[PDB]
Amino acid sequence: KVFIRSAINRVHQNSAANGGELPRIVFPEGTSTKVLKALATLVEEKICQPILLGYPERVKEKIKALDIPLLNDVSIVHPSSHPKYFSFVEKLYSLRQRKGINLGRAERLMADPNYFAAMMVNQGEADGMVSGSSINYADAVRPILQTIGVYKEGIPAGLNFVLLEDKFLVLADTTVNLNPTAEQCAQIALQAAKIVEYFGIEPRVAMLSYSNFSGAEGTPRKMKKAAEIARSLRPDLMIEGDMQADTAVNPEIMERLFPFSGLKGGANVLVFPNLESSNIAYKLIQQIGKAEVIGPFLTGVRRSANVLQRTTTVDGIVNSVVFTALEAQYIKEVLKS
Amino acid sequence: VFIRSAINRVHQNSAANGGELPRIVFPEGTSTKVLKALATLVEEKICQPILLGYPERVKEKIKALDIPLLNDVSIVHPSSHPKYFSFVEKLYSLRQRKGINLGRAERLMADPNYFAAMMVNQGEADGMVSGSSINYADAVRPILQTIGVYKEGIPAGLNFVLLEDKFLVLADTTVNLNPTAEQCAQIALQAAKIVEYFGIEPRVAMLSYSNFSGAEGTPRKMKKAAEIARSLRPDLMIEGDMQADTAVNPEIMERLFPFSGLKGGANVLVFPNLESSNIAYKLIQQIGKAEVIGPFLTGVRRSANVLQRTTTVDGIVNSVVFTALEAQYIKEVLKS
Amino acid sequence: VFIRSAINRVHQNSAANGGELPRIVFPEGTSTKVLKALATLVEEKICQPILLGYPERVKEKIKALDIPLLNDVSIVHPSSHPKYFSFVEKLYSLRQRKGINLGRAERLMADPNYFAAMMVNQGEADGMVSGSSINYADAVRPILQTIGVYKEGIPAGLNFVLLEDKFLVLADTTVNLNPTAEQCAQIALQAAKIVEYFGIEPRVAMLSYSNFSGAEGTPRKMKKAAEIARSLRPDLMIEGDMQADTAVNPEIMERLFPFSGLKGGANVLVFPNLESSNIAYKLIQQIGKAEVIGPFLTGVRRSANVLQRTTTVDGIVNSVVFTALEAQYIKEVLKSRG
Amino acid sequence: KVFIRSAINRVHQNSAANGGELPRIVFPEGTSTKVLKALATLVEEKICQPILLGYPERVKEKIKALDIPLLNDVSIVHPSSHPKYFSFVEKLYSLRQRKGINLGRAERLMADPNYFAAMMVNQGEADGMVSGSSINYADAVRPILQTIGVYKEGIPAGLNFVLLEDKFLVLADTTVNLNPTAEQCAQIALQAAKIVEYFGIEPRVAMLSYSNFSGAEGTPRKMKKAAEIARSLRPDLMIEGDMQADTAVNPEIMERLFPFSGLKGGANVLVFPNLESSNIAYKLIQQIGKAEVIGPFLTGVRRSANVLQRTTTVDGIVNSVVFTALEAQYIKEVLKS
Amino acid sequence: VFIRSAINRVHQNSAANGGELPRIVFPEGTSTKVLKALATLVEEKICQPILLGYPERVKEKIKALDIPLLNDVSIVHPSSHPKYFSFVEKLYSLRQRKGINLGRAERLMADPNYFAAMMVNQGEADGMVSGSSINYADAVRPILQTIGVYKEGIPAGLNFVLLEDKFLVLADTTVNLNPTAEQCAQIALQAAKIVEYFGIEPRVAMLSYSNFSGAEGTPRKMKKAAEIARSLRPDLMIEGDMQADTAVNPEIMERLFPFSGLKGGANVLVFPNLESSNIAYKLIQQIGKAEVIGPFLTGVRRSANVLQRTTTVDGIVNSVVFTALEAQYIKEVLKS
Amino acid sequence: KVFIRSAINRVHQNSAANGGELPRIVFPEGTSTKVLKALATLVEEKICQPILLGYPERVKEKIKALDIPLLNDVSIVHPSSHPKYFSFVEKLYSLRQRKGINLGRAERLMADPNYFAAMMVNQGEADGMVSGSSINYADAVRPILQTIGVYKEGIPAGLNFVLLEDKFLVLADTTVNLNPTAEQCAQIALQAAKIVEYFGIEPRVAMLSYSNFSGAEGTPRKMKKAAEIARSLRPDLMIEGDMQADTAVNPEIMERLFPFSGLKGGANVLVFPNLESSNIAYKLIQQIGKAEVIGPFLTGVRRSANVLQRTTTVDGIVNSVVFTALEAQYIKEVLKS
Ligand SMILES: [Cl-]
Ligand SMILES: [Cl-]
Ligand SMILES: [Cl-]
Ligand SMILES: [Cl-]
Ligand SMILES: [Cl-]
Ligand SMILES: [Cl-]
């Protein structure tokens, strides 16, 4: 409620500090009913320049079918017909020619809106992309990781916000790594923490397990080791584990049962031991928890690109576009430095 | 409401059994949270509690907390009890080829947890509730060593998520780190019969991070778990592998996977590993603004349940209510 | 000569079946090498080709290359074909529990490789030839997902080495990275039935770097494969483990391993792993002075063969000839079973 | 045909530049009929000074049976009776005493001509040895590896020549390593390349696989890594992989399908991913191909020693001794420096 | 004879320190075999024995078996000891991130084995002797959890075989199931310093079923173990892999493997796994006709030894004697 | 002391009940000093008809060097010169031709006394063999296992006797299996029990471990299940485990500490969990204990053949030949049945 309006306003503060320019967000699924309805609400709010990918004739005919006159302008680009199509094909080929992709396969991949979108963002023809409403997560994210890639020492990891009364929680990694090592969960925590700091909040990080400070072999030792590695890398942050999820979020359970712990006031960063636990958790909270859940957002990647969960609603997509715009604005300012 | 109806079936059971209440032994006779919860439960006439401990330490804790309604409850000191010596032999004979000599059987039986487990095993009590003061592994081991699992059963923790129109069942939330496909099928079968006890049709989802991919690893494992379970209960809707929102939301299922055999949303959610079950039910309980009760230990021959170390007083109240139902149900099975 | 005898058998099979020719669909409707090969094969009355692609882009490629003999040939664009929607639904139903949603079933079936395989699966074509423009895995995946293997079969590539008096059969040259002893025996059984189709007695060698050692690893594997194969076909000469020259040269066998059950040199060579099979047929084809034809995909329920990406035009001519033979045979099996 | 005369002429050039001395080549199989028949032609051509091992009494008696009058003067040595025999036992014993070989067992191994030949070569009593016409390769090569050993950072690897009309191809490793690592395949390539360079030919190296530049896990990744490691060690050489075999040899297939590749004009060095592929390939080419195949020759060992494949012909032994004399002359010119 | 010189060393040591006797805590205050042994050890002025238990229950056992020299030996009940709660806080602090909450530290500290080990850890005693009544793992676990291993040390049991003209040292007879080459080297180094304490030159054999084969498995492990050990003590004869008769018999070594660096026979025998060490010292003790003393726990921060469950009264006497030696030695090291 | 004299007298019983014939025992090490010295003592005792293998002159020459006139008549056989040599080659070749052994290698193996002795025993040309005084155990036992082989469901296992004053113990497997399964350990127990029964003693079997009735994973579980399997196969015997070695031998410790145990009166058959423990134990008892240890004897094989430990003394060999002669006579009576 409040959190999403506040992000929208920060987009505007960012934009009025850069000559009124809006980030350009490319959408591979120019024909998606859910994407188009979401774009209707966000064009009224001046959050981004949408670019739709597809056949101009298909896309315009879907726009009027759904009766949304506010999209009669939005840029529409057909990948094969774009002037840069050949340049993009050659650059994908050069990236993948020793990873089993011949030239003709590079052409057919670059004709796919998902690859064309990722290459547009990589080449500065757009500032970000939002994809994945119509296809599964692996299919949508592979072009991004193949084309944009991860920044140095970074790790691709999905991140979700749980919006509670007077507080948000950050959950990660909800989408990418099946079974991260201790070193990977430490890095996932570091990425999640800098996101929390961007919002003016102190990150307090819990490495989750089924155990409370046992350190037994398997995930308890892994999450205990992840906390130690992370604490070494950010000695200023509260980072703790291994601990159970209720121990983590509830400060009264922590202090009563584990008062030696370095984590006071409840964790707002929840790093998971495997993909089963992160993925089932955010989805169950979203369905039954009666709290808004936004994301997942792809962290660790060089440019702003987020893959929607296939189960997303229209309002989900709205929320994801807003934060993709913020991400796009922030990355463009680091690159100016 | 779901809890009030449970309290009522408990009363219905005893009125059909001469008014007797199940005897539930509590190893943690001095536990502040257990004692406060029992104040509420003797008021509701749910069970006959039996506290384990040194009687003067138990009575002085009751006196400290000012719970006059507990002044009559039975207190048993393990080492002093008449059955102690025979209990020591029963444990020794059970574990003598599992690294337990007679002297260590004696000191194990003096521990309230083992004495409670044996009281229940020998029919001296109808059920037990433990684990408010110790970690779950320490509490559940005497139970599994002493009472054991019924044939083809698997010990698995189960939780209820109480929503407005409906409850969800989550398992296995406590015992198996990484159940196989065969074990996940058996966990589902155990949870399904519990849902049936309350007059609800069980609809089972084998959870994963994937929607019907069947790729190697947990997607393949949970897909076969659904198949094995479908084999064993051809009358039930059992499906997987699927993501959790796919599982619970019938409109998401119908839109994206209409070939699925699962209609109307799942009310039985079987997990692929212990991290996911345990973290999920705990996050739901803390932030999900739904009541979560349990975990309850399924698959074991007599009624025994281990509280989560993080439980509240009312948590313990809720767990005792359903332990009483469990003890009553098992008690008539064995009369057969 | 071996190829001429195959062409005549196609005509022999074709006669006694109302003069009908098998219908062979080609996913790569604009491929220069495919169209050049079809010019030669239309003159020989080997098959009725079906080209997949946008009809105008196919006709423009045909007119550019100046191949007047193809102006009549059937051209089908997958998205536009009447059965496209029906084909999408059968692929969706086949793969909906293997990570494929409906929108993806639609985009797969619009790919000529998937559409051709489904055409063959549904009897709208009698066989298919693909893979001149894509790597082998990309070509064979739709075939295996759609058509599948017959019971107890294993998908395995097979190549013919045509020598002066003699042909050898090599397998598995394309599919299995590292087949088990059980899989290598089945590969032998599949290759043997192919050799028998041509009226030749199959004599099977299970290849290794070792001569009758049975030591752990592949020597033990290939010795056990021969045993499993001998059990399943007690009438065949099948032997291993042995080196390749021991296998082919009957004089080396007799001098050095006279106890062996393999006399007169092997004409079926089953390989222990994919590196050895794939490298061998390719080196023989480039540096030997013998024709190598194939690979042909064995073990699948309907006729589909994947050209090696490195093929020539004459290679494609040869593969279509034997694909036509395969399609005619499988079509007789399917009528027998109705 | 041509290639062998040129090698024979290079032996004579080497021998004319060093006072007419010929390398001394020990043959453990002193009564092998094939070895003796080949030796008839090898002394008429001044290729080597042969040393036959055996009971002098039947070696002369095998020679008189076959009626090869040109060999009655050639040296014949009986291992047990040799003056150096007992000193040889002590060096083998000291080498193997912590590898399960007692003194009496060193005595029996050293009485085996294969071990005696190897010790002769190692200690400078001969310049090279040729063995293995009558025993399998592992049995024949074991004494060589235990006694002579590999030079520093070397790997024992068998190598074969395929003699084509304008050029030869070299295949390796055709005999020793079951499943070489990426690092081992790089070293095998370097050894093969210096052999090609000895003949004044530019080596062009293909790391073979069933894949064309895929780098997928398993051997495609291994052969891609071997090419990378080898290029690091020889930045001046064309070395490429992973690739299929026809891709490797045929320069037109390479240029058409993989024009980014650093390997132009066809590979003349073919390094295999495992012993099944190398061993089966050279033998199938030799039997059904119509090109002569010579070898295998043992590379990577400190001193000149080659194992004949048990399947060898009489001409094979001749070819194989010639190249052993060349290697022996080469090492002998290295050591004079 | 060897034991008499050890006893005389015990007196020699404390006489150089104002006559203290080391205080040795016995967790098994009612153990019959412990109590009879203490009768002999009180007469010999070896230590100050401290028995753990209910004092009247201990005194009642003492005069029942009519043991008369223990009427003035010290008796401590753990729960009643003044420092009990301070001991509780210290165990909690040591293990709070290894799965032990405050309440579980409390019941553990009431167990004599944990209380005894903590007494030694905090300097209220100089050593402890346990394990007569319980299996070795149960007794040694509190010791290792509480006292722990010194830097680069490895917990390893060691036994003496007393022959007519020499003793052999066997290790590791109790702790490590299957030590690595690195661990076997550290076991050899630890055994070497014990042999050096008695003024004999240690000569170490890394035992195997193989004679200098170096084949994969334990032959290679024991060959590499010798190499690592020789690296760390270049002055010592350390050799392997070799068979047991090859190791002890110098004429077999010289005749069959004269290249070996080990001459005059090995007096330190390091074993490749726990089956071989444990079966060997036990078989030698029963059927050989040589005295076997131990096992003694090496590698730990202060003096703690676990009796083998099969021990005799005389076994306990011998082990208490050397525990006194160990305690005196460690007590002078820490003074520095 | 007494036990060995009782074996000698039973040898005389067996021979008198069979026309005074002595078993024929082949000794591959015809020049072994310790073997020859042992045989002087054994020929006066009417234990066997020895057959020495080697060059006749080499043996006659060693016999006179050591001056034992009692051997001047003993049979000497030179394998390659023996009439049966060619048929024996043909038979070993037929046994091993699919295990990497060509015809010429069969010839050189059959010329080795160890293989020739094994084939003599196998073909009934001799009744037993004793080898291994001069070579390591694996080397001596390989020809026996390849040629004579194991009887049905048998397992080759070394067995030793520890002769205590009221009693003997049997230890196994002291030589062959590195790490037997539970099933192998049960079969080893069954083999050792029938040997104890041959001497009129009730076998009482302990499956040894470092644990007392824990059944924990690893060795405790293996030996507990080994006991269970063996009890199933011989329901008439006391067989128990897992237990420690002193628990096993001492009936008072067992009765005091594990009174539930099925093993009363102490174990006289000690089955070991791995080769480290068996081999180290019998060697330590033999050296530092004060009791006689005889063997090891090879159990589980179809015909009588035993390998001396390389460390044996002259008495050792005498003791081993005595029990080999008993074994040969027993097997010879079974074979006539
Ligand atoms: Cl997905
Ligand atoms: Cl817990
Ligand atoms: Cl390919
Ligand atoms: Cl070979
Ligand atoms: Cl123990
Ligand atoms: Cl040995």
# chains A, B, ... in the order shown; residues from 1 in each chain; ligands from 1
>>> residues_around(residues="residue 38 of chain A", least_positions_apart="4", cutoff="9 Å", atoms="only C-alpha atoms", output="list in words")
residues 33, 34, 42, 43, 314, 315, 316, 317, 318 and 321 of chain A
>>> select_by_dssp(residues="segment 132-177 of chain F", states="strand (DSSP E or B)", output="PyMOL selection string")
chain F and resi 150+157-163+168-172
>>> interface_residues(of="chain E", to="chain F", cutoff="8 Å", atoms="only C-alpha atoms", output="PDB file with C-alpha atoms, in the first residue's frame")
ATOM      1  CA  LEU E 163      57.311 -57.421  27.839  1.00  0.00           C
ATOM      2  CA  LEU E 207      51.307 -51.120  10.670  1.00  0.00           C
ATOM      3  CA  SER E 208      49.608 -52.808   7.755  1.00  0.00           C
ATOM      4  CA  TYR E 209      48.870 -56.228   6.306  1.00  0.00           C
ATOM      5  CA  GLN E 243      53.410 -56.139   8.847  1.00  0.00           C
ATOM      6  CA  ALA E 244      53.241 -56.543  12.612  1.00  0.00           C
ATOM      7  CA  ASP E 245      55.855 -59.298  12.897  1.00  0.00           C
ATOM      8  CA  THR E 246      58.159 -57.363  10.567  1.00  0.00           C
ATOM      9  CA  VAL E 248      58.639 -55.757  16.302  1.00  0.00           C
ATOM     10  CA  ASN E 249      61.156 -58.422  15.248  1.00  0.00           C
ATOM     11  CA  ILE E 252      62.935 -60.339  10.339  1.00  0.00           C
ATOM     12  CA  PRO E 272      45.610 -48.196  10.339  1.00  0.00           C
ATOM     13  CA  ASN E 273      42.081 -48.479  11.772  1.00  0.00           C
ATOM     14  CA  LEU E 274      40.193 -49.024  15.000  1.00  0.00           C
ATOM     15  CA  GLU E 275      39.328 -52.668  14.398  1.00  0.00           C
ATOM     16  CA  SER E 276      43.002 -53.608  14.275  1.00  0.00           C
ATOM     17  CA  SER E 277      44.180 -51.514  17.249  1.00  0.00           C
ATOM     18  CA  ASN E 278      41.207 -52.442  19.457  1.00  0.00           C
ATOM     19  CA  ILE E 279      41.217 -56.178  18.699  1.00  0.00           C
ATOM     20  CA  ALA E 280      45.005 -56.382  19.052  1.00  0.00           C
ATOM     21  CA  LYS E 282      42.560 -56.824  23.854  1.00  0.00           C
ATOM     22  CA  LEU E 283      43.708 -60.177  22.436  1.00  0.00           C
ATOM     23  CA  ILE E 284      47.263 -59.632  23.690  1.00  0.00           C
ATOM     24  CA  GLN E 285      45.872 -58.867  27.155  1.00  0.00           C
ATOM     25  CA  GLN E 286      43.729 -62.033  27.296  1.00  0.00           C
ATOM     26  CA  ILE E 287      45.861 -64.710  25.629  1.00  0.00           C
ATOM     27  CA  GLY E 288      49.380 -63.313  25.599  1.00  0.00           C
ATOM     28  CA  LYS E 289      51.209 -63.521  28.863  1.00  0.00           C
ATOM     29  CA  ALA E 290      52.201 -59.860  29.136  1.00  0.00           C
ATOM     30  CA  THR E 310      36.100 -54.793  30.405  1.00  0.00           C
TER      31      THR E 310
END
>>> atom_distance(atom1="atom CA of residue 93 of chain E", atom2="atom CA of residue 306 of chain B")
26.1 Å
>>> select_by_dssp(residues="segment 79-168 of chain F", states="helix (DSSP H, G or I)", output="JSON, numbers by chain")
{"F": [79, 80, 81, 85, 86, 87, 88, 89, 90, 91, 92, 93, 94, 95, 96, 103, 104, 105, 106, 107, 108, 109, 110, 113, 114, 115, 116, 117, 118, 119, 120, 121, 122, 137, 138, 139, 140, 141, 142, 143, 144, 145, 146, 147]}
>>> residues_around(residues="residue 100 of chain B", least_positions_apart="5", cutoff="10 Å", atoms="only C-alpha atoms", output="list in words")
residues 91, 92, 93, 94, 95, 105, 106 and 108 of chain B; 134 and 135 of chain E; 212, 213 and 214 of chain F
>>> write_last_selection(atoms="C-alpha atoms", output="short mmCIF file (atom, residue, chain, number, x, y, z; two decimals), in the first residue's frame")
data_model
loop_
_atom_site.label_atom_id
_atom_site.label_comp_id
_atom_site.auth_asym_id
_atom_site.auth_seq_id
_atom_site.Cartn_x
_atom_site.Cartn_y
_atom_site.Cartn_z
CA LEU B 91 14.22 -50.83 27.72
CA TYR B 92 17.33 -52.94 28.36
CA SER B 93 15.79 -55.91 26.58
CA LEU B 94 14.77 -53.64 23.67
CA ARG B 95 18.16 -51.93 23.24
CA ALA B 105 19.15 -48.34 30.75
CA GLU B 106 18.66 -47.41 34.42
CA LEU B 108 17.97 -43.43 30.72
CA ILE E 134 29.61 -47.40 30.65
CA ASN E 135 30.84 -47.85 27.12
CA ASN F 212 30.22 -54.49 22.28
CA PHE F 213 26.75 -55.22 20.89
CA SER F 214 26.10 -51.72 19.52
#
>>> residues_around(residues="segment 199-201 of chain A", least_positions_apart="6", cutoff="10 Å", atoms="only C-alpha atoms", output="CSV table (one decimal) with C-alpha atoms, in the first residue's frame")
chain,number,residue,atom,x,y,z
A,7,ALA,CA,8.8,3.5,-4.6
A,167,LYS,CA,8.1,-3.4,8.2
A,168,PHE,CA,9.3,-5.4,5.1
A,193,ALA,CA,21.6,-6.5,2.3
A,268,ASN,CA,14.6,-8.5,7.9
>>> residues_around(residues="residue 253 of chain E", least_positions_apart="3", cutoff="12 Å", atoms="only C-alpha atoms", output="PDB file with C-alpha atoms, in the first residue's frame")
ATOM      1  CA  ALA E 205      56.117 -48.659  12.779  1.00  0.00           C
ATOM      2  CA  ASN E 211      55.286 -55.295   3.658  1.00  0.00           C
ATOM      3  CA  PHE E 212      56.493 -52.152   1.843  1.00  0.00           C
ATOM      4  CA  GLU E 239      58.887 -46.640   8.916  1.00  0.00           C
ATOM      5  CA  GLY E 240      56.034 -48.284   7.000  1.00  0.00           C
ATOM      6  CA  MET E 242      54.946 -53.070   7.228  1.00  0.00           C
ATOM      7  CA  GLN E 243      53.410 -56.139   8.847  1.00  0.00           C
ATOM      8  CA  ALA E 244      53.241 -56.543  12.612  1.00  0.00           C
ATOM      9  CA  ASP E 245      55.855 -59.298  12.897  1.00  0.00           C
ATOM     10  CA  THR E 246      58.159 -57.363  10.567  1.00  0.00           C
ATOM     11  CA  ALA E 247      57.694 -54.355  12.873  1.00  0.00           C
ATOM     12  CA  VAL E 248      58.639 -55.757  16.302  1.00  0.00           C
ATOM     13  CA  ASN E 249      61.156 -58.422  15.248  1.00  0.00           C
ATOM     14  CA  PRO E 250      64.498 -56.799  14.241  1.00  0.00           C
ATOM     15  CA  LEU E 256      63.843 -59.384   4.482  1.00  0.00           C
ATOM     16  CA  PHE E 257      63.843 -55.544   4.164  1.00  0.00           C
ATOM     17  CA  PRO E 258      67.371 -54.279   4.988  1.00  0.00           C
ATOM     18  CA  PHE E 259      66.772 -50.938   3.209  1.00  0.00           C
ATOM     19  CA  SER E 260      64.396 -50.013   6.055  1.00  0.00           C
ATOM     20  CA  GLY E 261      65.288 -47.104   8.301  1.00  0.00           C
ATOM     21  CA  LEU E 262      63.876 -48.914  11.369  1.00  0.00           C
ATOM     22  CA  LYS E 263      66.368 -51.054  13.293  1.00  0.00           C
ATOM     23  CA  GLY E 264      66.354 -52.755  16.663  1.00  0.00           C
ATOM     24  CA  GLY E 265      62.615 -53.378  16.351  1.00  0.00           C
ATOM     25  CA  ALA E 266      59.689 -50.988  16.711  1.00  0.00           C
TER      26      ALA E 266
ATOM     27  CA  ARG F 310      56.820 -64.952   3.910  1.00  0.00           C
ATOM     28  CA  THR F 311      58.073 -64.443   7.509  1.00  0.00           C
TER      29      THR F 311
END
>>> residues_around(residues="residue 187 of chain A", least_positions_apart="6", cutoff="12 Å", atoms="only C-alpha atoms", output="ChimeraX atom specification")
/A:152-157,172-173,180-181,193-194,205,207,226-234,271,299-300
>>> atom_distance(atom1="atom CA of residue 101 of chain B", atom2="atom CA of residue 27 of chain B")
23.2 Å
>>> decode(residues="segment 124-139 of chain A", atoms="C-alpha atoms", output="short mmCIF file (atom, residue, chain, number, x, y, z; two decimals), in the first residue's frame")
data_model
loop_
_atom_site.label_atom_id
_atom_site.label_comp_id
_atom_site.auth_asym_id
_atom_site.auth_seq_id
_atom_site.Cartn_x
_atom_site.Cartn_y
_atom_site.Cartn_z
CA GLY A 124 22.11 0.41 -24.10
CA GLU A 125 19.14 0.41 -26.50
CA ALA A 126 16.98 -0.01 -23.38
CA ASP A 127 17.52 0.52 -19.66
CA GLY A 128 15.78 -2.64 -18.40
CA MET A 129 13.43 -5.47 -19.30
CA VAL A 130 10.53 -7.36 -17.73
CA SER A 131 9.70 -10.84 -19.03
CA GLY A 132 8.35 -14.22 -18.05
CA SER A 133 4.57 -13.87 -17.68
CA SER A 134 3.95 -16.49 -20.41
CA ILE A 135 6.89 -18.92 -20.00
CA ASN A 136 8.60 -20.75 -17.14
CA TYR A 137 11.37 -19.10 -15.18
CA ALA A 138 14.33 -21.07 -16.61
CA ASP A 139 13.31 -20.27 -20.17
#
